[PDB]
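Below is data-v2.csv, holding CSV, N, CA and C atoms.
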```csv
chain,number,residue,atom,x,y,z
A,1,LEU,N,25.0,-13.5,-14.0
A,1,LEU,CA,24.4,-12.2,-14.6
A,1,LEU,C,23.0,-12.0,-14.2
A,2,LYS,N,22.7,-12.1,-12.9
A,2,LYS,CA,21.3,-11.9,-12.4
A,2,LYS,C,21.0,-10.4,-12.6
A,3,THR,N,21.7,-9.7,-13.3
A,3,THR,CA,21.4,-8.2,-13.6
A,3,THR,C,22.3,-7.7,-14.6
A,4,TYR,N,22.2,-8.2,-15.8
A,4,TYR,CA,23.1,-7.7,-17.0
A,4,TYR,C,22.2,-7.5,-18.2
A,5,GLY,N,22.0,-6.2,-18.6
A,5,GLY,CA,21.1,-5.9,-19.8
A,5,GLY,C,19.7,-6.1,-19.4
A,6,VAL,N,19.4,-6.4,-18.2
A,6,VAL,CA,18.0,-6.6,-17.8
A,6,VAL,C,17.4,-5.3,-17.2
A,7,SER,N,16.3,-4.8,-17.7
A,7,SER,CA,15.7,-3.5,-17.3
A,7,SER,C,14.8,-3.8,-16.1
A,8,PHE,N,15.1,-3.2,-15.0
A,8,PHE,CA,14.3,-3.3,-13.7
A,8,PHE,C,13.3,-2.2,-13.7
A,9,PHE,N,12.1,-2.5,-13.2
A,9,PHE,CA,11.0,-1.4,-13.1
A,9,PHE,C,10.5,-1.4,-11.7
A,10,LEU,N,10.4,-0.3,-11.1
A,10,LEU,CA,9.9,-0.2,-9.7
A,10,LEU,C,8.3,-0.3,-9.7
A,11,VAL,N,7.8,-1.5,-9.4
A,11,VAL,CA,6.4,-1.7,-9.3
A,11,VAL,C,6.0,-2.0,-7.9
A,12,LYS,N,4.8,-1.7,-7.5
A,12,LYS,CA,4.3,-1.9,-6.1
A,12,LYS,C,3.4,-3.1,-6.1
A,13,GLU,N,3.4,-3.8,-5.1
A,13,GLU,CA,2.5,-5.0,-4.9
A,13,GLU,C,1.5,-4.8,-3.8
A,14,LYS,N,0.4,-5.6,-3.8
A,14,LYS,CA,-0.6,-5.5,-2.7
A,14,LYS,C,-0.5,-6.7,-1.8
A,15,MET,N,0.0,-6.6,-0.7
A,15,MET,CA,0.1,-7.7,0.2
A,15,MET,C,-1.3,-8.1,0.7
A,16,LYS,N,-1.5,-9.4,1.0
A,16,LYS,CA,-2.8,-10.0,1.5
A,16,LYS,C,-3.9,-9.0,1.4
A,17,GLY,N,-3.9,-8.0,2.3
A,17,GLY,CA,-5.0,-7.0,2.3
A,17,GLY,C,-4.4,-5.7,2.9
A,18,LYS,N,-3.2,-5.6,3.2
A,18,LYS,CA,-2.6,-4.4,3.8
A,18,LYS,C,-3.0,-3.2,2.9
A,19,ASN,N,-3.7,-2.2,3.5
A,19,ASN,CA,-4.0,-1.0,2.7
A,19,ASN,C,-2.8,-0.4,2.1
A,20,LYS,N,-1.7,-1.0,2.6
A,20,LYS,CA,-0.3,-0.5,2.2
A,20,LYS,C,0.0,-1.1,0.8
A,21,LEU,N,1.2,-0.9,0.4
A,21,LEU,CA,1.7,-1.4,-0.9
A,21,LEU,C,3.2,-1.9,-0.7
A,22,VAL,N,3.7,-2.8,-1.5
A,22,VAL,CA,5.1,-3.3,-1.3
A,22,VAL,C,5.9,-3.0,-2.6
A,23,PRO,N,6.9,-2.1,-2.5
A,23,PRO,CA,7.8,-1.9,-3.7
A,23,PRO,C,8.4,-3.2,-4.2
A,24,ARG,N,8.6,-3.2,-5.5
A,24,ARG,CA,9.2,-4.5,-6.1
A,24,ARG,C,9.9,-4.1,-7.4
A,25,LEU,N,11.0,-4.7,-7.8
A,25,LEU,CA,11.7,-4.4,-9.0
A,25,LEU,C,11.4,-5.5,-10.0
A,26,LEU,N,11.1,-5.2,-11.3
A,26,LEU,CA,10.8,-6.2,-12.3
A,26,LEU,C,11.8,-6.2,-13.4
A,27,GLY,N,12.6,-7.2,-13.5
A,27,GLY,CA,13.6,-7.3,-14.6
A,27,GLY,C,13.0,-7.9,-15.9
A,28,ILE,N,13.1,-7.1,-16.9
A,28,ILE,CA,12.6,-7.7,-18.3
A,28,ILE,C,13.8,-8.1,-19.1
A,29,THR,N,13.9,-9.3,-19.4
A,29,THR,CA,15.1,-9.8,-20.2
A,29,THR,C,14.6,-9.9,-21.7
A,30,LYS,N,15.5,-10.2,-22.5
A,30,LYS,CA,15.2,-10.3,-24.0
A,30,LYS,C,14.5,-11.6,-24.2
A,31,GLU,N,14.6,-12.6,-23.3
A,31,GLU,CA,13.9,-13.9,-23.5
A,31,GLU,C,13.3,-14.3,-22.2
A,32,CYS,N,13.1,-13.4,-21.2
A,32,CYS,CA,12.5,-13.8,-19.9
A,32,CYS,C,12.2,-12.6,-19.0
A,33,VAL,N,11.4,-12.8,-18.1
A,33,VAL,CA,11.0,-11.7,-17.1
A,33,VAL,C,11.4,-12.2,-15.7
A,34,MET,N,11.9,-11.3,-14.8
A,34,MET,CA,12.2,-11.8,-13.5
A,34,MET,C,11.6,-10.9,-12.4
A,35,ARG,N,11.3,-11.5,-11.3
A,35,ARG,CA,10.7,-10.7,-10.1
A,35,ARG,C,11.9,-10.3,-9.3
A,36,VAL,N,12.2,-9.1,-9.2
A,36,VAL,CA,13.4,-8.6,-8.4
A,36,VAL,C,12.8,-7.8,-7.2
A,37,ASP,N,13.2,-8.1,-6.0
A,37,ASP,CA,12.7,-7.4,-4.8
A,37,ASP,C,13.3,-6.0,-4.8
A,38,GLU,N,12.6,-5.0,-4.3
A,38,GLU,CA,13.2,-3.7,-4.2
A,38,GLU,C,13.9,-3.5,-2.9
A,39,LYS,N,13.6,-4.4,-2.0
A,39,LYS,CA,14.2,-4.4,-0.7
A,39,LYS,C,15.6,-5.0,-0.8
A,40,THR,N,15.7,-6.2,-1.3
A,40,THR,CA,17.1,-6.8,-1.5
A,40,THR,C,17.6,-6.6,-2.9
A,41,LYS,N,16.9,-6.0,-3.8
A,41,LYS,CA,17.4,-5.8,-5.1
A,41,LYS,C,17.9,-7.2,-5.7
A,42,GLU,N,17.4,-8.3,-5.1
A,42,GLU,CA,17.8,-9.6,-5.6
A,42,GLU,C,16.8,-10.2,-6.5
A,43,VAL,N,17.1,-11.2,-7.3
A,43,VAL,CA,16.1,-11.8,-8.2
A,43,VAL,C,15.2,-12.8,-7.4
A,44,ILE,N,13.9,-12.6,-7.4
A,44,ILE,CA,13.1,-13.5,-6.6
A,44,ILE,C,12.5,-14.6,-7.5
A,45,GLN,N,12.2,-14.3,-8.8
A,45,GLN,CA,11.6,-15.3,-9.7
A,45,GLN,C,12.1,-15.0,-11.1
A,46,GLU,N,11.9,-16.0,-12.0
A,46,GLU,CA,12.3,-15.9,-13.4
A,46,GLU,C,11.2,-16.5,-14.3
A,47,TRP,N,11.0,-15.8,-15.4
A,47,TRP,CA,9.8,-16.3,-16.3
A,47,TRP,C,10.3,-16.3,-17.8
A,48,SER,N,9.7,-17.1,-18.6
A,48,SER,CA,10.1,-17.1,-20.0
A,48,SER,C,9.2,-16.1,-20.8
A,49,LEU,N,9.8,-15.4,-21.8
A,49,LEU,CA,8.9,-14.4,-22.5
A,49,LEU,C,7.9,-15.3,-23.4
A,50,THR,N,8.2,-16.5,-23.6
A,50,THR,CA,7.3,-17.3,-24.4
A,50,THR,C,6.2,-17.9,-23.5
A,51,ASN,N,6.3,-17.6,-22.3
A,51,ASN,CA,5.2,-18.1,-21.3
A,51,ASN,C,4.1,-17.1,-21.2
A,52,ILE,N,4.4,-15.8,-21.3
A,52,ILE,CA,3.4,-14.8,-21.1
A,52,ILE,C,2.3,-15.0,-22.2
A,53,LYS,N,1.1,-15.2,-21.8
A,53,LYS,CA,0.0,-15.4,-22.8
A,53,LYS,C,-0.6,-14.0,-23.2
A,54,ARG,N,-0.9,-13.2,-22.3
A,54,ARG,CA,-1.5,-11.8,-22.6
A,54,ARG,C,-1.1,-10.9,-21.5
A,55,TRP,N,-1.5,-9.6,-21.7
A,55,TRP,CA,-1.3,-8.6,-20.6
A,55,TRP,C,-2.3,-7.5,-20.7
A,56,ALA,N,-2.3,-6.6,-19.8
A,56,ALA,CA,-3.2,-5.4,-19.9
A,56,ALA,C,-2.6,-4.2,-19.2
A,57,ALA,N,-2.2,-3.2,-19.9
A,57,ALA,CA,-1.5,-2.0,-19.3
A,57,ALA,C,-2.5,-0.9,-19.1
A,58,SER,N,-2.6,-0.4,-17.9
A,58,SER,CA,-3.5,0.7,-17.6
A,58,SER,C,-2.7,1.9,-17.0
A,59,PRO,N,-3.2,3.1,-17.1
A,59,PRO,CA,-2.5,4.2,-16.5
A,59,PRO,C,-2.3,4.1,-14.9
A,60,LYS,N,-2.4,2.9,-14.4
A,60,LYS,CA,-2.3,2.7,-13.0
A,60,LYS,C,-1.5,1.4,-12.7
A,61,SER,N,-1.8,0.3,-13.4
A,61,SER,CA,-1.1,-1.0,-13.1
A,61,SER,C,-0.9,-1.8,-14.4
A,62,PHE,N,-0.1,-2.8,-14.2
A,62,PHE,CA,0.3,-3.7,-15.4
A,62,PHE,C,-0.1,-5.1,-15.0
A,63,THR,N,-0.7,-5.9,-15.9
A,63,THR,CA,-1.1,-7.3,-15.6
A,63,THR,C,-0.5,-8.3,-16.7
A,64,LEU,N,-0.2,-9.5,-16.3
A,64,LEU,CA,0.4,-10.5,-17.3
A,64,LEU,C,-0.3,-11.8,-16.9
A,65,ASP,N,-0.4,-12.7,-17.9
A,65,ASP,CA,-0.9,-14.0,-17.7
A,65,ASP,C,0.0,-15.1,-18.2
A,66,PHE,N,0.4,-16.1,-17.5
A,66,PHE,CA,1.3,-17.1,-18.0
A,66,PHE,C,0.4,-18.2,-18.6
A,67,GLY,N,-0.9,-18.0,-18.7
A,67,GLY,CA,-1.8,-19.0,-19.3
A,67,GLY,C,-2.1,-20.1,-18.3
A,68,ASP,N,-1.4,-20.1,-17.1
A,68,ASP,CA,-1.7,-21.1,-16.1
A,68,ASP,C,-2.7,-20.6,-15.1
A,69,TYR,N,-4.0,-20.7,-15.3
A,69,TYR,CA,-5.0,-20.2,-14.4
A,69,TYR,C,-4.7,-20.6,-13.0
A,70,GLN,N,-4.3,-21.9,-12.8
A,70,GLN,CA,-3.9,-22.3,-11.4
A,70,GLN,C,-2.9,-21.4,-10.8
A,71,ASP,N,-1.9,-21.0,-11.5
A,71,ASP,CA,-0.9,-20.1,-11.0
A,71,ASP,C,-1.5,-18.7,-10.7
A,72,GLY,N,-2.5,-18.4,-11.5
A,72,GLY,CA,-3.2,-17.1,-11.3
A,72,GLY,C,-2.5,-16.0,-12.0
A,73,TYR,N,-3.1,-14.9,-12.3
A,73,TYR,CA,-2.5,-13.8,-13.0
A,73,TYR,C,-1.5,-13.1,-12.0
A,74,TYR,N,-0.7,-12.2,-12.6
A,74,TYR,CA,0.3,-11.4,-11.7
A,74,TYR,C,0.2,-10.0,-12.1
A,75,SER,N,-0.4,-9.1,-11.3
A,75,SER,CA,-0.5,-7.7,-11.6
A,75,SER,C,0.1,-6.9,-10.5
A,76,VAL,N,0.6,-5.7,-10.8
A,76,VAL,CA,1.2,-4.8,-9.8
A,76,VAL,C,1.0,-3.3,-10.3
A,77,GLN,N,1.3,-2.4,-9.4
A,77,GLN,CA,1.1,-1.0,-9.7
A,77,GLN,C,2.3,-0.5,-10.6
A,78,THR,N,2.0,0.2,-11.7
A,78,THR,CA,3.0,0.7,-12.6
A,78,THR,C,2.5,1.9,-13.3
A,79,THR,N,3.2,3.0,-13.0
A,79,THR,CA,2.8,4.3,-13.7
A,79,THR,C,3.1,4.2,-15.2
A,80,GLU,N,4.0,3.3,-15.5
A,80,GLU,CA,4.4,3.2,-17.0
A,80,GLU,C,4.0,1.7,-17.4
A,81,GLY,N,3.0,1.2,-16.9
A,81,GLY,CA,2.6,-0.2,-17.3
A,81,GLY,C,2.5,-0.3,-18.8
A,82,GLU,N,2.5,0.9,-19.5
A,82,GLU,CA,2.5,0.9,-21.0
A,82,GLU,C,3.9,0.5,-21.5
A,83,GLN,N,4.9,1.3,-21.1
A,83,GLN,CA,6.3,1.1,-21.5
A,83,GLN,C,6.6,-0.4,-21.2
A,84,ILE,N,6.3,-0.8,-20.0
A,84,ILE,CA,6.6,-2.2,-19.6
A,84,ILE,C,6.0,-3.1,-20.6
A,85,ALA,N,4.9,-2.7,-21.2
A,85,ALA,CA,4.2,-3.5,-22.2
A,85,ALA,C,4.8,-3.2,-23.6
A,86,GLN,N,5.4,-2.1,-23.8
A,86,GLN,CA,6.0,-1.7,-25.1
A,86,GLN,C,7.4,-2.3,-25.1
A,87,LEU,N,8.1,-2.3,-23.9
A,87,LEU,CA,9.4,-2.9,-23.8
A,87,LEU,C,9.3,-4.4,-24.0
A,88,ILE,N,8.2,-4.9,-23.4
A,88,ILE,CA,8.0,-6.4,-23.5
A,88,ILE,C,7.4,-6.7,-24.9
A,89,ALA,N,6.4,-6.0,-25.3
A,89,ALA,CA,5.8,-6.3,-26.6
A,89,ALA,C,6.9,-6.1,-27.6
A,90,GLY,N,8.0,-5.4,-27.3
A,90,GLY,CA,9.1,-5.2,-28.2
A,90,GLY,C,10.1,-6.4,-28.3
A,91,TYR,N,10.3,-7.0,-27.1
A,91,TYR,CA,11.3,-8.1,-27.1
A,91,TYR,C,10.6,-9.3,-27.8
A,92,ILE,N,9.3,-9.4,-27.7
A,92,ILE,CA,8.6,-10.6,-28.3
A,92,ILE,C,8.8,-10.5,-29.8
A,93,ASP,N,9.0,-9.3,-30.4
A,93,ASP,CA,9.1,-9.2,-31.8
A,93,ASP,C,10.6,-9.4,-32.2
A,94,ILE,N,11.5,-9.3,-31.3
A,94,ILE,CA,12.9,-9.5,-31.7
A,94,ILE,C,13.3,-11.0,-31.5
A,95,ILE,N,12.6,-11.7,-30.7
A,95,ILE,CA,13.0,-13.1,-30.5
A,95,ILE,C,12.3,-13.9,-31.6
A,96,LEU,N,11.1,-13.5,-32.0
A,96,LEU,CA,10.4,-14.2,-33.1
A,96,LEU,C,11.0,-13.8,-34.4
A,97,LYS,N,11.6,-12.7,-34.5
A,97,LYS,CA,12.2,-12.2,-35.8
A,97,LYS,C,13.4,-13.1,-36.1
A,98,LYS,N,14.2,-13.4,-35.1
A,98,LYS,CA,15.4,-14.2,-35.4
A,98,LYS,C,15.0,-15.7,-35.5
A,99,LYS,N,13.8,-16.0,-35.1
A,99,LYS,CA,13.4,-17.5,-35.2
A,99,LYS,C,12.9,-17.8,-36.6
A,100,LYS,N,12.6,-16.8,-37.4
A,100,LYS,CA,12.1,-17.1,-38.8
A,100,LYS,C,13.2,-17.8,-39.6
B,1,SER,N,-11.3,-5.9,-24.3
B,1,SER,CA,-10.3,-5.6,-25.3
B,1,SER,C,-9.0,-6.4,-25.0
B,2,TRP,N,-8.4,-6.1,-23.9
B,2,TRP,CA,-7.1,-6.9,-23.6
B,2,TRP,C,-6.2,-6.8,-24.8
B,3,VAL,N,-5.0,-7.5,-24.7
B,3,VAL,CA,-4.0,-7.5,-25.8
B,3,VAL,C,-3.3,-8.8,-25.7
B,4,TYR,N,-3.0,-9.4,-26.9
B,4,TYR,CA,-2.3,-10.7,-26.9
B,4,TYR,C,-0.9,-10.5,-27.5
B,5,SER,N,-0.2,-11.6,-27.8
B,5,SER,CA,1.2,-11.6,-28.4
B,5,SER,C,1.2,-12.6,-29.6
B,6,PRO,N,2.1,-12.3,-30.6
B,6,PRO,CA,2.2,-13.2,-31.7
B,6,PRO,C,2.7,-14.6,-31.3
B,7,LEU,N,3.3,-14.7,-30.1
B,7,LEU,CA,3.7,-16.0,-29.6
B,7,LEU,C,2.6,-17.0,-29.7
B,8,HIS,N,2.5,-17.8,-30.8
B,8,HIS,CA,1.4,-18.8,-30.9
B,8,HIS,C,1.7,-20.0,-30.2
```
Mind converting the file's structure to structure tokens?
Amino acid sequence: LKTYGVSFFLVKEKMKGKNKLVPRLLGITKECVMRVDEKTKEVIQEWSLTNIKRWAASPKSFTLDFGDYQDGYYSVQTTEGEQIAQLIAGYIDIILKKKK
Amino acid sequence: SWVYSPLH
């Protein structure tokens, strides 16, 4: 089920320094987030919703932090970086609500 | 400002 109930978002990434951008799909699961390529539409990475420490949504890009400075933050271009934060900020309330 | 999550 590398794509069942998971909402994918077309976000663009900034390669090394290419003035260009690289499209990418981001799957948001109810308990995890995944990096899905827009080129192969395949899952490139998987993350736990309990790993995200914080985020910052702006009318241009979305940023998330796994709390692992070493890993570094992960930000990409998103015209709806807000919804991605509302959809995410929304799953975090549904997983913690059933944990009570 | 930033924003956090209840996940303590």
>> At a cut-off of 12 Å, using only C-alpha atoms, what residues contact stretch 68-70 of chain A? Leave out same-chain residues fewer than 2 positions from it and give the result as an NGL selection string.
In response: :A and (51-54 or 64-66 or 72-74)
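Take atom CA of residue A:22 and atom C of residue A:36: the distance between them is 10.7 Å.
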>> Near chain A, meaning an atom within 6 Å, which residues of chain B appear when counting all atoms listed in the file? Write them as number ranges by chain.
In response: B: 2-5
>> Taking (3.8, 1.4, -7.2) in the coordinates of the supplied file, I want to know which residues reach to within 8 Å of it, counting all atoms listed in the file; could you give the answer as a ChimeraX atom specification?
In response: /A:10-13,21-24,60,76-79
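With only N, CA and C atoms as the basis for measurement, A:28 is the residue among A:28, A:39, A:99, A:86 that approaches residue A:5 most closely.
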